[PDB]
Amino acid sequence: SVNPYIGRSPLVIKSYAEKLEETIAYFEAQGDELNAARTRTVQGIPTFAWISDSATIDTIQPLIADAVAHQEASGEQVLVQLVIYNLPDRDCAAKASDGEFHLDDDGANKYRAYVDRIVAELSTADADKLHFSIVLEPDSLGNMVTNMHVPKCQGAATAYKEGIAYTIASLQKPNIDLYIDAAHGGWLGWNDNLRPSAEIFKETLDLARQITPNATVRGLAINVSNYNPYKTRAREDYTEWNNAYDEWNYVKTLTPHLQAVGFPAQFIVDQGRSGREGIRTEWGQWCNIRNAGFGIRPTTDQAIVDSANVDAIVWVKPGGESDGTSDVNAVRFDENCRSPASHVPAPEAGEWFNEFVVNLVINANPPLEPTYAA
Ligand SMILES: OC[C@H]1O[C@@H](O[C@H]2[C@H](O)[C@@H](O)[C@H](O)O[C@@H]2CO)[C@H](O)[C@@H](O)[C@@H]1O
Ligand SMILES: OC[C@H]1O[C@@H](O)[C@H](O)[C@@H](O)[C@@H]1O
Ligand SMILES: [Mg+2]
Ligand SMILES: [Mg+2]
């Protein structure tokens, strides 16, 4: 197994880049050409494409066709980055989940068929020309470590392991690298959470190997949709007694446990919203955190990454797509989205939050280099 990111060009998601035209127009109207140009830079930064429901499977083949055309035109080794996010009884510790599959409505079998539909799209002649990096199931297995007092999590534990195992077993190809989601330092980095986390990742991989005999994964994805810095400048008070107080330290502290159980210790790390620290009063604040900045841009450069266990810094959650609505009356209202640290008003989850992106640009660290036309 080799670092699939080296020499590869992660795919710019066209549908995401187009959304940033609104942000460019805002800055232009402010007479702010530097930030308009920084936003153009952001348009050229690769992000992950999320497959968070069955309908979104329809976007995969057009994405692939575009990717192949780009590979032909550019001569790059295109690396398509995807998130698979649709377990049955998804998000078991949340008051509400938008996940479309439910265990009491044939959800386990429906999830397998959803995976099978993804497999078909990733098995075309065009798909074979590309390489894929796929994050498996954010907000899943950490619940088995810390949320087993929750009835829905108790009832979903076996299904989460079996579901992810099927996804792993179904996506063994030379041109696909898989990263199991492993939450973030503030969730699983606490001393007593490290070993059970490593064990559950290994347990899930072992289940996968009972389906497809020599099945492997590349490793883990961390900080997905969160804000934790890679290397903290000013270590925050809420991290007290947690040795995973930034994501680089999460890697360093989790790695020995992975090694002990025989699970691959290679990581990709989301930094898309990690540029600004001191934006939260509690580690568990996650929804549209105000003044978040774009973080370290996607890179494999070891001068920045500074760990043999880290394949790449990546941008998984696409900045500007809302984490949830702030409207108390909304059918999908989540009270976390009115936390004292949240940016309000915020639109429905997934909808474009332009004011938030304006701030992501302004608060980026390192500052964004502008892209000016020739
Ligand atoms: O990390 C983003 C993810 O967080 C979920 O809440 C976590 C939280 O991140 C962690 O700090 C705390 O210890 O545990 C909770 C889960 O119990 C949140 O529920 C998700 O919506 C969000 O995507
Ligand atoms: O913004 C990226 C993704 O975030 C997830 O938390 C949401 O459930 C998806 O609807 C969205 O596509
Ligand atoms: Mg529903
Ligand atoms: Mg709008």
# chains A, B, ... in the order shown; residues from 1 in each chain; ligands from 1
$ residues_around --residues "residue 176 (chain A)" --least-positions-apart "2" --cutoff "12 Å" --atoms "only C-alpha atoms" --output "PyMOL selection string"
chain A and resi 1-5+79-82+119+122-123+127-135+168-174+178-179+215-218
$ write_last_selection --atoms "N, CA and C atoms" --output "mmCIF file, in the first residue's frame"
data_model
loop_
_atom_site.group_PDB
_atom_site.id
_atom_site.type_symbol
_atom_site.label_atom_id
_atom_site.label_comp_id
_atom_site.auth_asym_id
_atom_site.auth_seq_id
_atom_site.Cartn_x
_atom_site.Cartn_y
_atom_site.Cartn_z
ATOM 1 N N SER A 1 0.849 -1.228 0.000
ATOM 2 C CA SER A 1 0.000 0.000 0.000
ATOM 3 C C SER A 1 0.868 1.256 0.000
ATOM 4 N N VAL A 2 0.590 2.165 -0.937
ATOM 5 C CA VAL A 2 1.385 3.389 -1.112
ATOM 6 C C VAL A 2 0.494 4.629 -0.979
ATOM 7 N N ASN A 3 1.093 5.769 -0.621
ATOM 8 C CA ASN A 3 0.387 7.048 -0.515
ATOM 9 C C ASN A 3 -0.173 7.466 -1.865
ATOM 10 N N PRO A 4 -1.497 7.273 -2.046
ATOM 11 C CA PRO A 4 -2.087 7.521 -3.348
ATOM 12 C C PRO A 4 -2.122 8.992 -3.722
ATOM 13 N N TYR A 5 -1.893 9.877 -2.757
ATOM 14 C CA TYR A 5 -1.917 11.300 -3.027
ATOM 15 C C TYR A 5 -0.659 11.808 -3.708
ATOM 16 N N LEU A 79 -7.410 12.417 -9.198
ATOM 17 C CA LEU A 79 -7.801 11.668 -8.019
ATOM 18 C C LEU A 79 -9.158 12.180 -7.553
ATOM 19 N N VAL A 80 -10.184 11.370 -7.777
ATOM 20 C CA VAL A 80 -11.548 11.730 -7.432
ATOM 21 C C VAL A 80 -11.785 11.431 -5.959
ATOM 22 N N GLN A 81 -12.201 12.443 -5.199
ATOM 23 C CA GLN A 81 -12.410 12.320 -3.749
ATOM 24 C C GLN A 81 -13.906 12.268 -3.447
ATOM 25 N N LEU A 82 -14.350 11.181 -2.819
ATOM 26 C CA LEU A 82 -15.751 10.939 -2.513
ATOM 27 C C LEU A 82 -15.963 10.634 -1.043
ATOM 28 N N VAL A 119 -20.894 1.116 -6.509
ATOM 29 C CA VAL A 119 -19.912 0.232 -7.135
ATOM 30 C C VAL A 119 -20.064 0.231 -8.653
ATOM 31 N N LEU A 122 -18.554 3.251 -10.109
ATOM 32 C CA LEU A 122 -17.099 3.243 -9.953
ATOM 33 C C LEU A 122 -16.423 2.085 -10.684
ATOM 34 N N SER A 123 -17.173 1.377 -11.524
ATOM 35 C CA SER A 123 -16.651 0.206 -12.229
ATOM 36 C C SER A 123 -16.774 0.319 -13.754
ATOM 37 N N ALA A 127 -14.355 5.094 -15.158
ATOM 38 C CA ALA A 127 -13.891 5.022 -13.766
ATOM 39 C C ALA A 127 -12.520 4.344 -13.666
ATOM 40 N N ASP A 128 -12.327 3.281 -14.454
ATOM 41 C CA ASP A 128 -11.059 2.542 -14.469
ATOM 42 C C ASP A 128 -9.846 3.392 -14.838
ATOM 43 N N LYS A 129 -10.069 4.496 -15.553
ATOM 44 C CA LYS A 129 -8.996 5.402 -15.966
ATOM 45 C C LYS A 129 -8.525 6.326 -14.845
ATOM 46 N N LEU A 130 -9.320 6.421 -13.784
ATOM 47 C CA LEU A 130 -9.090 7.369 -12.699
ATOM 48 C C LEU A 130 -8.620 6.658 -11.435
ATOM 49 N N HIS A 131 -8.215 7.443 -10.439
ATOM 50 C CA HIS A 131 -7.968 6.942 -9.096
ATOM 51 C C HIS A 131 -8.986 7.600 -8.168
ATOM 52 N N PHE A 132 -9.358 6.894 -7.102
ATOM 53 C CA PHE A 132 -10.340 7.375 -6.133
ATOM 54 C C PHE A 132 -9.799 7.339 -4.715
ATOM 55 N N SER A 133 -10.136 8.370 -3.944
ATOM 56 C CA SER A 133 -9.912 8.411 -2.503
ATOM 57 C C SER A 133 -11.291 8.557 -1.864
ATOM 58 N N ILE A 134 -11.687 7.602 -1.022
ATOM 59 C CA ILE A 134 -13.055 7.567 -0.524
ATOM 60 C C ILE A 134 -13.071 7.514 0.999
ATOM 61 N N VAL A 135 -13.727 8.501 1.608
ATOM 62 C CA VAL A 135 -13.967 8.543 3.049
ATOM 63 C C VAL A 135 -15.246 7.779 3.346
ATOM 64 N N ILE A 168 -16.295 -1.541 2.460
ATOM 65 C CA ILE A 168 -14.888 -1.872 2.274
ATOM 66 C C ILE A 168 -14.758 -3.082 1.344
ATOM 67 N N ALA A 169 -15.492 -4.153 1.656
ATOM 68 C CA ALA A 169 -15.392 -5.404 0.900
ATOM 69 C C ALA A 169 -15.791 -5.254 -0.566
ATOM 70 N N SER A 170 -16.628 -4.257 -0.851
ATOM 71 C CA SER A 170 -17.206 -4.028 -2.174
ATOM 72 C C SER A 170 -16.362 -3.126 -3.058
ATOM 73 N N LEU A 171 -15.345 -2.488 -2.477
ATOM 74 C CA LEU A 171 -14.584 -1.450 -3.174
ATOM 75 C C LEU A 171 -13.090 -1.749 -3.154
ATOM 76 N N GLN A 172 -12.748 -3.026 -3.338
ATOM 77 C CA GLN A 172 -11.360 -3.455 -3.435
ATOM 78 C C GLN A 172 -10.954 -3.444 -4.899
ATOM 79 N N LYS A 173 -10.241 -2.396 -5.293
ATOM 80 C CA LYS A 173 -9.763 -2.243 -6.667
ATOM 81 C C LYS A 173 -8.417 -1.558 -6.614
ATOM 82 N N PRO A 174 -7.539 -1.817 -7.609
ATOM 83 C CA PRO A 174 -6.216 -1.194 -7.558
ATOM 84 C C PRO A 174 -6.236 0.336 -7.615
ATOM 85 N N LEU A 178 -9.271 3.609 0.365
ATOM 86 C CA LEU A 178 -10.350 3.817 1.321
ATOM 87 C C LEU A 178 -9.820 4.317 2.657
ATOM 88 N N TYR A 179 -10.508 5.298 3.223
ATOM 89 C CA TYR A 179 -10.181 5.829 4.545
ATOM 90 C C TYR A 179 -11.437 5.772 5.398
ATOM 91 N N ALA A 215 -9.254 -8.099 1.806
ATOM 92 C CA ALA A 215 -9.672 -6.700 1.791
ATOM 93 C C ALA A 215 -8.792 -5.850 2.687
ATOM 94 N N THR A 216 -8.478 -4.645 2.217
ATOM 95 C CA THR A 216 -7.668 -3.682 2.948
ATOM 96 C C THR A 216 -8.304 -2.285 2.895
ATOM 97 N N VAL A 217 -7.836 -1.402 3.768
ATOM 98 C CA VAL A 217 -8.091 0.030 3.639
ATOM 99 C C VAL A 217 -6.742 0.731 3.717
ATOM 100 N N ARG A 218 -6.680 1.971 3.251
ATOM 101 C CA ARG A 218 -5.476 2.759 3.361
ATOM 102 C C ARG A 218 -5.281 3.248 4.799
#
$ closest_atom_pairs --of "chain A" --to "ligand 4" --cutoff "9 Å" --atoms "only C-alpha atoms and all ligand atoms" --output "Markdown table"
| residue | atom | partner | partner_atom_place_in_ligand_line | distance |
| --- | --- | --- | --- | --- |
| A:22 | CA | ligand 4 | 1 (Mg) | 8.3 |
| A:347 | CA | ligand 4 | 1 (Mg) | 8.7 |
| A:351 | CA | ligand 4 | 1 (Mg) | 7.8 |
| A:352 | CA | ligand 4 | 1 (Mg) | 6.0 |
| A:353 | CA | ligand 4 | 1 (Mg) | 7.0 |
| A:354 | CA | ligand 4 | 1 (Mg) | 7.1 |
$ write_last_selection --atoms "N, CA and C atoms" --output "mmCIF file, in the first residue's frame"
data_model
loop_
_atom_site.group_PDB
_atom_site.id
_atom_site.type_symbol
_atom_site.label_atom_id
_atom_site.label_comp_id
_atom_site.auth_asym_id
_atom_site.auth_seq_id
_atom_site.Cartn_x
_atom_site.Cartn_y
_atom_site.Cartn_z
ATOM 1 N N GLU A 22 -20.887 33.460 -6.536
ATOM 2 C CA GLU A 22 -21.647 34.384 -5.696
ATOM 3 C C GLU A 22 -20.728 35.152 -4.741
ATOM 4 N N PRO A 347 -28.765 29.136 6.696
ATOM 5 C CA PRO A 347 -29.771 28.423 5.922
ATOM 6 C C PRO A 347 -29.738 26.919 6.187
ATOM 7 N N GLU A 351 -27.293 24.043 2.036
ATOM 8 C CA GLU A 351 -27.528 25.251 1.275
ATOM 9 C C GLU A 351 -26.353 26.199 1.397
ATOM 10 N N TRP A 352 -26.231 27.059 0.399
ATOM 11 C CA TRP A 352 -25.112 27.978 0.329
ATOM 12 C C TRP A 352 -25.260 29.094 1.351
ATOM 13 N N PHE A 353 -24.193 29.300 2.119
ATOM 14 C CA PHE A 353 -24.155 30.282 3.194
ATOM 15 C C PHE A 353 -23.067 31.298 2.823
ATOM 16 N N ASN A 354 -23.432 32.270 1.985
ATOM 17 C CA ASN A 354 -22.427 33.150 1.404
ATOM 18 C C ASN A 354 -21.637 33.973 2.419
#
$ closest_residue --among "A:47, A:210, A:143, A:309" --to "ligand 1" --atoms "only C-alpha atoms and all ligand atoms"
A:143
$ select_by_dssp --residues "region 29-278 of chain A" --states "strand (DSSP E or B)" --output "VMD selection string"
chain A and resid 49 to 51 78 to 84 131 to 136 176 to 181 219 to 222 267 to 270
$ residues_near_ligand --ligand "ligand 2" --cutoff "10 Å" --atoms "only C-alpha atoms and all ligand atoms" --output "ChimeraX atom specification"
/A:16,48-53,56,83,85-86,91,97-99,138-139,224-225,287,316-324,348-352
$ residues_near_ligand --ligand "ligand 1" --cutoff "9 Å" --atoms "only C-alpha atoms and all ligand atoms" --output "PDB file with C-alpha atoms, in the first residue's frame"
ATOM      1  CA  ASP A  91     -26.140   9.687  13.075  1.00  0.00           C
ATOM      2  CA  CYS A  92     -27.474   7.583  15.921  1.00  0.00           C
ATOM      3  CA  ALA A  93     -26.686  10.063  18.718  1.00  0.00           C
ATOM      4  CA  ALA A  94     -28.372  13.034  16.966  1.00  0.00           C
ATOM      5  CA  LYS A  95     -31.904  14.080  17.935  1.00  0.00           C
ATOM      6  CA  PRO A 138     -18.547  10.150   9.007  1.00  0.00           C
ATOM      7  CA  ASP A 139     -20.390  10.292  12.361  1.00  0.00           C
ATOM      8  CA  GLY A 142     -17.209   6.930  17.269  1.00  0.00           C
ATOM      9  CA  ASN A 143     -20.771   6.500  18.545  1.00  0.00           C
ATOM     10  CA  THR A 146     -18.894   7.118  23.484  1.00  0.00           C
ATOM     11  CA  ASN A 147     -22.654   6.867  22.830  1.00  0.00           C
ATOM     12  CA  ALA A 183     -13.917  11.456  14.030  1.00  0.00           C
ATOM     13  CA  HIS A 184     -11.593  14.115  15.513  1.00  0.00           C
ATOM     14  CA  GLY A 185      -9.333  14.612  18.537  1.00  0.00           C
ATOM     15  CA  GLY A 186     -12.120  16.089  20.684  1.00  0.00           C
ATOM     16  CA  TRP A 187     -14.250  12.983  20.215  1.00  0.00           C
ATOM     17  CA  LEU A 188     -11.935   9.962  20.228  1.00  0.00           C
ATOM     18  CA  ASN A 223     -11.493  16.112  11.428  1.00  0.00           C
ATOM     19  CA  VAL A 224     -14.123  15.706   8.699  1.00  0.00           C
ATOM     20  CA  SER A 225     -16.572  18.647   8.944  1.00  0.00           C
ATOM     21  CA  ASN A 226     -14.811  19.923  12.058  1.00  0.00           C
ATOM     22  CA  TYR A 227     -12.555  22.914  12.763  1.00  0.00           C
ATOM     23  CA  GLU A 282     -16.708  24.275  23.971  1.00  0.00           C
ATOM     24  CA  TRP A 283     -15.086  21.534  21.885  1.00  0.00           C
ATOM     25  CA  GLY A 284     -18.483  20.019  21.042  1.00  0.00           C
ATOM     26  CA  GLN A 285     -19.674  23.108  19.154  1.00  0.00           C
ATOM     27  CA  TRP A 286     -19.817  22.109  15.483  1.00  0.00           C
ATOM     28  CA  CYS A 287     -22.584  23.963  13.635  1.00  0.00           C
ATOM     29  CA  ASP A 323     -24.111  22.632   8.645  1.00  0.00           C
ATOM     30  CA  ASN A 336     -26.668  23.115  18.047  1.00  0.00           C
TER      31      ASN A 336
END
$ atom_distance --atom1 "CA of residue 189 (chain A)" --atom2 "CA of residue 239 (chain A)"
9.9 Å
$ residues_around --residues "residue 236 (chain A)" --least-positions-apart "3" --cutoff "12 Å" --atoms "only C-alpha atoms" --output "VMD selection string"
chain A and resid 186 228 to 229 231 to 233 239 to 246 277 to 283
$ closest_residue --among "A:145, A:358, A:165, A:153" --to "residue 21 (chain A)" --atoms "only C-alpha atoms"
A:358
$ closest_residue --among "A:88, A:295, A:31, A:340" --to "ligand 3" --atoms "only C-alpha atoms and all ligand atoms"
A:88
$ closest_atom_pairs --of "region 18-103 of chain A" --to "region 365-374 of chain A" --cutoff "9 Å" --atoms "only C-alpha atoms" --output "Markdown table"
| residue | atom | partner | partner_atom | distance |
| --- | --- | --- | --- | --- |
| A:34 | CA | A:370 | CA | 6.4 |
| A:35 | CA | A:370 | CA | 7.4 |
| A:36 | CA | A:370 | CA | 8.0 |
| A:37 | CA | A:370 | CA | 4.7 |
| A:38 | CA | A:370 | CA | 4.2 |
| A:39 | CA | A:370 | CA | 7.6 |
| A:40 | CA | A:371 | CA | 5.9 |
| A:41 | CA | A:371 | CA | 5.3 |
| A:42 | CA | A:368 | CA | 8.1 |
$ closest_residue --among "A:364, A:62, A:259, A:89" --to "residue 151 (chain A)" --atoms "only C-alpha atoms"
A:89
$ residues_around --residues "residue 9 (chain A)" --least-positions-apart "4" --cutoff "7 Å" --atoms "only C-alpha atoms" --output "number ranges by chain"
A: 76-79
$ write_last_selection --atoms "N, CA, C and O atoms" --output "mmCIF file, in the first residue's frame"
data_model
loop_
_atom_site.group_PDB
_atom_site.id
_atom_site.type_symbol
_atom_site.label_atom_id
_atom_site.label_comp_id
_atom_site.auth_asym_id
_atom_site.auth_seq_id
_atom_site.Cartn_x
_atom_site.Cartn_y
_atom_site.Cartn_z
ATOM 1 N N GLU A 76 -2.843 15.301 -16.094
ATOM 2 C CA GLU A 76 -2.765 15.009 -14.657
ATOM 3 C C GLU A 76 -3.171 13.576 -14.354
ATOM 4 O O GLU A 76 -3.810 12.913 -15.170
ATOM 5 N N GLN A 77 -2.776 13.095 -13.178
ATOM 6 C CA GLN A 77 -3.322 11.858 -12.631
ATOM 7 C C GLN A 77 -4.451 12.268 -11.704
ATOM 8 O O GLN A 77 -4.241 12.628 -10.539
ATOM 9 N N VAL A 78 -5.659 12.262 -12.247
ATOM 10 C CA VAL A 78 -6.804 12.784 -11.511
ATOM 11 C C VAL A 78 -7.202 11.838 -10.379
ATOM 12 O O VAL A 78 -7.326 10.628 -10.580
ATOM 13 N N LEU A 79 -7.410 12.417 -9.198
ATOM 14 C CA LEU A 79 -7.801 11.668 -8.019
ATOM 15 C C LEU A 79 -9.158 12.180 -7.553
ATOM 16 O O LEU A 79 -9.266 13.282 -7.009
#
$ atom_distance --atom1 "CA of residue 116 (chain A)" --atom2 "CA of residue 211 (chain A)"
14.1 Å
$ closest_residue --among "A:297, A:290, A:209, A:161" --to "residue 345 (chain A)" --atoms "only C-alpha atoms"
A:290
